[PDB]
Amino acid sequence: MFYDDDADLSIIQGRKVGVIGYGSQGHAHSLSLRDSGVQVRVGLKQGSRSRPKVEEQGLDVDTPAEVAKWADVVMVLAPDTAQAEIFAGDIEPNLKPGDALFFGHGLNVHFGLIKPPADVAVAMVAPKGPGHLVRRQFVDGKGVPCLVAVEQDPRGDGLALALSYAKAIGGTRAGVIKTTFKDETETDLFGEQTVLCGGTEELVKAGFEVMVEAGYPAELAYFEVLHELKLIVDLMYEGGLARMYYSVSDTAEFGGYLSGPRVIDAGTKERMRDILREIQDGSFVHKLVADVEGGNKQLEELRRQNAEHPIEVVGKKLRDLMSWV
């Protein structure tokens, strides 16, 4: 791991940094880079809803093409599925030999949606927390750990430059892990699909369905598989499985140890491996890009179905009771 003493802040301080996009990460990076003495400009199309906010924070904003021409380091933090078009239309025609093209995730480069030219460095700085936390920790003199990767390095200083950037957003205060674009994106997609945004939600829905079908009230079903999951995951986030299991009752702990491996069995793990294979072979990403090109039809259909699940109906009613939410 790399820490503050492994990174030289004067490197990034000597580079003009363009941040393309002003979502959570673009906001956190741009403000922290500026605080660290870096000359920053934000790249947004002229009609962007974010332009007035960038300007209110005292930052200069230009189009992505203008920022790419001006900058020595172009950090791309636009939405995943929008990056290829920004690259082809705005960034690629304006890259200069010896520029560095930075990303917050490995997807676009790894899967060939963006094919950088040979005359630029290509690197990634990926903080392991939401932008609000990246910024809050930085302002308080601390940091959020980051992943860094260097995919192309024709000037030989790509890692030093990426570590300098990480230091300028606080990442080396906590620690930086070096990885690859391939590993970052394949593990990210895999975790999203099997656990974060697929598996856990389907597990909650399935438990809810079983209870309602058995004639238990939907309100109790909501509490006992969804509402109560926040405490569990908060405990794991802070102290791992050990902390959570110590905190819950012996009845919950014993029940979890016996029933968990029945719910998630060897066959479930084999299906995970199938989902990983379809990430690794490019087929999932091909399907995603095709759906985007067609107007997000399948995404929008599946979105509506999940939004209409009965857990959503009862959950809205119960969350209306909760004055801290």
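Residue indices: 1-based, along the sequence shown.
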- Note on the structure: Comparing mean C-alpha B factor in the record for 247-255 and 195-203, the higher one is 247-255
- Which is higher in the entry, the mean Cα B factor of 154-162 or that of 183-191? 154-162
- Item | Criterion, highest CA B-factor; candidates, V139, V125, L226, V76 | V139
- Query: In the PDB entry, which of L9, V17, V314, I20 has its C-alpha at the highest B-factor?
  - Reply: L9
- Task: Tell me, lowest, middle or highest third: where does the Cα B factor of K230 rank within its chain?
- Result: lowest
- Task: Give the position of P64 by CA B-factor within its chain, expressed as the lowest, middle or highest third.
- Result: middle
- Query: Which third of the chain does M322 land in by C-alpha B-factor: lowest, middle or highest?
  - Reply: middle
- Task: Grab the CA temperature factor for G295 from the record and place it in the lowest, middle or highest third of its chain.
- Result: highest
- Task: Just say lowest, middle or highest third for the CA B-factor of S32 relative to the other modelled residues in its chain.
- Result: middle
